[PDB]
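# Tertiary structure, described
One letter stands for each residue in the lines below.
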Amino acid sequence: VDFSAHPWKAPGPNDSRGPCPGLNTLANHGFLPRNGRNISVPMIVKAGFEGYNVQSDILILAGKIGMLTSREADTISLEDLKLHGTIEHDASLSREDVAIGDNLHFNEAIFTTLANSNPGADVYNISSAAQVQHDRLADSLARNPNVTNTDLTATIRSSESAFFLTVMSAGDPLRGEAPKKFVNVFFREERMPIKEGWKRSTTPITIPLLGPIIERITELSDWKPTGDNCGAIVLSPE
Amino acid sequence: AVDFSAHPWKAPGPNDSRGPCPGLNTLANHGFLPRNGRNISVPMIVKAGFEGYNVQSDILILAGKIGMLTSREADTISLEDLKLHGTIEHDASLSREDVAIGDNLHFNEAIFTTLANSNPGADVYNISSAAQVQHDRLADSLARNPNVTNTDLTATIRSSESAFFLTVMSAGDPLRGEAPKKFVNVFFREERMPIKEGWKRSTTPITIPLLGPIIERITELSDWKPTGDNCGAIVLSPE
Ligand code: HEM
Ligand code: HEM
Ligand SMILES: [Mg+2]
Ligand SMILES: [Mg+2]
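Residues numbered from 1 in each chain as written, not as in the entry; some residues may be left out. Chains lettered and ligands numbered in written order. Heavy atoms only, no water.

As documented in the archive entry, the model was determined using X-ray crystallography at 1.4500 Å resolution.

Take a look at the structure:
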């Protein structure tokens, strides 16, 4: 992996970007196509390995679910992933709920909750991620009459916290903690925080590595389901 | 541009991967998909279904990407992978047994007795008879399968599959919502395009807008109602 051959570039109007900081950051570095188009599961598997040392087990599983969001046979544009109720969910860390705002773009007012978490410490961790999930869900339950909160959205949310905690770690992703200086750049700029001192994990990030972090965040989050608790996903756009 | 003479039916070998879907198994039996049933991608399905049946990309991209969930591979399946229960594969099939009480993969003539003897007095199967068969097959599963799953999603998939055989095996106008029995029976029993019987590829493209009203008509005629867990949750991956 030569990271100097993968410089960050800001997206312009030819560049599709979605609700996922992980994939948007890979596109901003050219590990995925910079235009955010014509993205296949094999391209995601390779880009996640090269950029983040994320292994194929999770990227095939998630990637094939994400492909459902487009109208194309075996590719997406990253913006397609905003399709509500496939993967995209309410009570995001950095986006608004679709019923009451913009479910696509980074939103600093939403991000405030994560940004102010684990106060006095230099890291986010499992405990602070759980508290943020609790507080984000409580915000959606208070303000969004159309909130969807189910076993499946709760699991996806904890997967996403585990992703930022592992991929943006100081080098040992097992530990379930990540420097704030790295995670904040990842979200706010969709940039690998290389200038700040981040490096790609030398440990493969796999389903067995993520699973305990996901389950422990859920356990500490004081979570309950809402409504019919139906794990049905949206299988296609329009 | 399709040359059917270059696509002869050959009986599948015991080692050729085949699934629960007569549409894709027939395409493989004619070499529109690989005859071994392996290494099949959505683009391959789109091309095969266009060439073989005049089924357009909208419906094959939608179905195909859901089918891709049934394998552990990045962008392909084997046909047999599509037997994964609760992705697309469902109870109350027209020609297969429910997985909890039998074989959910192979054509079963005993199960097929219901469809084969439907629309009595006509030489076609139609929207009304397909609806009645869906009612009767679901009633069988509700009676005999203690693990039966019947949701708005499974009911819609079942109507879609009836609409597929009525349109693709039609006597040439798929809008009619009827297909000759002599064609449909070969399609199911042999997973063969009934070319010597007089079947020809539709000259009307079969699309989501074409199918939608047929599917809705089959559903309403089938007298379907929710019975239990009505959550349209699918199985998103093998274990
Ligand atoms: C490659 C490693 C990946 C990392 C590090 C990553 C990270 C993240 C994070 C941290 C979020 C939460 C954003 C928020 O709550 O505001 C998220 C959201 C999302 N990710 Fe990813 N992700 C990755 C891969 C994937 C893949 C493969 C897909 C699908 C192909 C995907 C689809 C999504 C979608 C649709 C959302 C929006 C969910 C929501 O917040 O409503 N991600 N991702
Ligand atoms: C190409 C045109 C297609 C036609 C004409 C067709 C036709 C059918 C029909 C008539 C059945 C019902 C069998 C029964 O109930 O015994 C069926 C089942 C099935 N089809 Fe297809 N199909 C096509 C394409 C597809 C595609 C693209 C996929 C997925 C990639 C697929 C996956 C399935 C599966 C999994 C089943 C089993 C459902 C069940 O009966 O439990 N089909 N198909
Ligand atoms: Mg969201
Ligand atoms: Mg079945």
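## Some remarks on the coordination of the magnesium ion (ligand 3)
All names here are of chain A. Quick reminder of the rule: Sites may look incomplete because water is not among the atoms; the donors themselves are N, O and S atoms within 2.8 Å of the metal, or within 3.2 Å for Na, K and Ca. Residue burial is assigned from relative accessible area. The probe radius is 1.4 Å, only protein chains are included, and a residue is buried under 20% of its type maximum, exposed over 50%, and partly exposed in between.
Ligation of the magnesium ion (ligand 3) by protein atoms is provided by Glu88 (OE), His89 (O) and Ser92 (OG), these donors lying 2.1 to 2.2 Å from the ion. Motif for the magnesium ion (ligand 3), donor spacing along one chain: E-H-x2-S. For the pair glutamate 88 and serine 92, one class covers both residues: buried.

## Observations concerning the site of ligand 1
Residues and elements named next belong to chain A. Cut-off, in case you're wondering: Whether a residue is near a molecule or strand is decided by its heavy atoms; if any one of them lies within 4 Å of it, the residue is near. We call two N or O atoms a polar contact when they sit within 3.5 Å, provided that within protein one can donate a hydrogen and the other can accept it, with sequence-adjacent residues counted only if both atoms are side-chain atoms. Labels follow the DSSP assignment, with helices taken as runs of H or I lasting at least four residues and strands as runs of E lasting at least two, numbered in each case from the N terminus.
Around ligand 1 there are 22 residues in total, and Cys20, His89, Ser92, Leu93 and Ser94 lie nearest to it. One nitrogen or oxygen atom from the side chain of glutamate 88 is found 3.3 Å from an oxygen atom belonging to ligand 1. Between ligand 1 and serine 94, the relevant distance is 2.7 Å, taken from an oxygen atom to a side-chain nitrogen or oxygen of the residue. Within the residue set of the shell around ligand 1, elements represented by two or more residues are α1 (21-28), α2 (41-52), α3 (56-67) and α6 (151-167).

## Notes on the interface of chain B and chain A
The test is simple: Residue contacts are defined here by distance: any two heavy atoms, one from each residue, within 4.5 Å place the two residues in contact. Put simply, buried area is how much 1.4 Å-probe accessible surface two parts lose in total, over both of them, once they are put together. Salt bridges are defined as contacts in which a side-chain nitrogen from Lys or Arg sits within 4 Å of a carboxyl oxygen from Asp or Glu. Residue polarity is assigned by list, with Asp, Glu, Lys and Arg as charged and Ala, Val, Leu, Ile, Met, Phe, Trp, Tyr, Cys and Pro as nonpolar; anything else, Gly included, falls into the polar class.
The interface is formed by 20 residues belonging to chain B together with 19 residues belonging to chain A. Interface of chain B and chain A: buried area, both sides summed, is about 1600 Å²; carbon and sulfur atoms make up 73% of it. Together, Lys65, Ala74 and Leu236 of chain B form the three largest contributors to the area buried by chain B at its contact with chain A, with a combined 35%. Between the two partners, chain B and chain A, sit zero salt bridges. Here chain B is connected to chain A by six residue pairs in polar contact. Mapped by element, the contributors of at least two residues to the side of chain B that touches chain A are α2 (42-53) and α3 (57-68) of chain B. Take the side of chain B that touches chain A: its biggest share by element is five residues, from α3 of chain B. When its residues are assigned to classes, the side of chain B that touches chain A shows 13 nonpolar, three polar and four charged.

## Notes on the coordination of the iron atom of ligand 1
For the iron atom of ligand 1, the sole protein-derived donor is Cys20 of chain A (SG), lying 2.4 Å away. Here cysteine 20 of chain A lies in the segment before α1.

## Regarding the environment of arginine 189 of chain B
Residues and elements named next belong to chain B. Assignment of secondary structure puts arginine 189 in helix α7 (residues 181-190). Distance from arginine 189 to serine 17, taken between C-alpha atoms, is 17 Å for residues 172 residues apart in sequence. When residues no more than four places from it in sequence are discounted, the contact partners of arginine 189 are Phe107, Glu109, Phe112 and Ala116. One polar contact links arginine 189 to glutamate 109, side chain to side chain, over a distance of 2.9 Å.

## What to know about the site of ligand 2
All names here are of chain B. Surrounding ligand 2, one finds 23 residues, the nearest of these being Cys21, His90, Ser93, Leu94 and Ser95. One of the side-chain nitrogen or oxygen atoms of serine 93 is found 2.6 Å away from an oxygen atom of ligand 2. Here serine 95 contributes a side-chain N or O atom positioned 2.7 Å from an oxygen atom of ligand 2. Those elements giving two or more residues to the shell around ligand 2 turn out to be α1 (22-29), α2, α3 and α6 (152-168). Looking at which element gives the most residues to the shell around ligand 2, the answer is α6, with four residues. Residues belonging to the shell around ligand 2 are distributed by class as follows: 15 nonpolar, five polar and three charged.

## Here's the deal with empty space enclosed by the protein
As a reminder, the rule being used: Only protein atoms enter the 1 Å grid used here. Points where a 1.4 Å probe fits but cannot escape make up a cavity, open sets with protein on both sides within 12 Å along at least five of seven lines make up a pocket, and a residue lines them when an atom lies within 4 Å of a point. Grid points are joined across faces, edges and corners, and a volume is the space filled by probe spheres set on the points.
The tally for this structure, following the rule as stated, stands at two cavities of 30 Å³ or more. One number sums up the size of the largest cavity: a volume of about 110 Å³. Going through the elements one at a time, α2 and α3 of chain A together with α2 and α3 of chain B are the ones with two or more residues in the lining of the largest cavity. For the lining of the largest cavity, a count of residues per class yields eight nonpolar, one polar and four charged. Here the second largest cavity defines a volume of roughly 30 Å³. Elements supplying a minimum of two residues to the lining of the second largest cavity: α5 (127-144) and α6 of chain B.

## A word on the environment of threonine 87 of chain B
Residues and elements named next belong to chain B. Tracing the sequence through the fold places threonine 87 in the loop between α3 and α4 (109-116). With relative accessibility at 3%, the residue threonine 87 sits in the buried group. Separated by 78 residues in the primary sequence, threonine 87 and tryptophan 9 have C-alpha atoms spaced 29 Å apart. Beyond its immediate sequence surroundings of up to four residues, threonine 87 is in contact with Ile66, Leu69, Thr70, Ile234 and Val235. At 2.8 Å, the side chain of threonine 87 forms a polar contact with the backbone oxygen of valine 235.

## Digging into the pattern of salt bridges
Oppositely charged side chains can pair when the atoms bearing their charge come close. Residues and elements named next belong to chain A. All told, the structure shown has 21 salt bridges over all chains when counted by the stated rule. Note that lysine 82 is salt-bridged to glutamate 79, the shortest N-O span being 2.8 Å. Three or more residues are tied together by salt bridges with common partners; here these are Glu189, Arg191, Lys195 and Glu196.

## What about α3 of chain A?
Heads up, the condition is: For a helix, the expected span equals 1.5 Å multiplied by the residue count minus one.
Here α3 of chain A spans 15 Å end to end across twelve residues, near enough to the 16 Å set by a 1.5 Å rise per residue. Buried residues of α3 of chain A: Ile58, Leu59, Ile60, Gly63, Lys64, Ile65, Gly66 and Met67 of chain A, and no others.

## Describing the packing of helix α4 (residues 108-115) of chain A against helix α5 (residues 126-143) of chain A
Residue and element names in this part refer to chain A. Note the following rule: Between N-to-C directions, angles cover 0 to 180 degrees, with each direction set by a line fitted to C-alpha atoms, over the stretch in contact for helices.
At a minimum axis separation of 9 Å, α4 and α5 run at an interaxial angle of 140 degrees. Note on element contacts: α5 touches α4 through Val132, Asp135, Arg136 and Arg143, opposite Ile110, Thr113 and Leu114. The residue inventory of the contact of α4 with α5, partitioned by class, reads three nonpolar, one polar and three charged.

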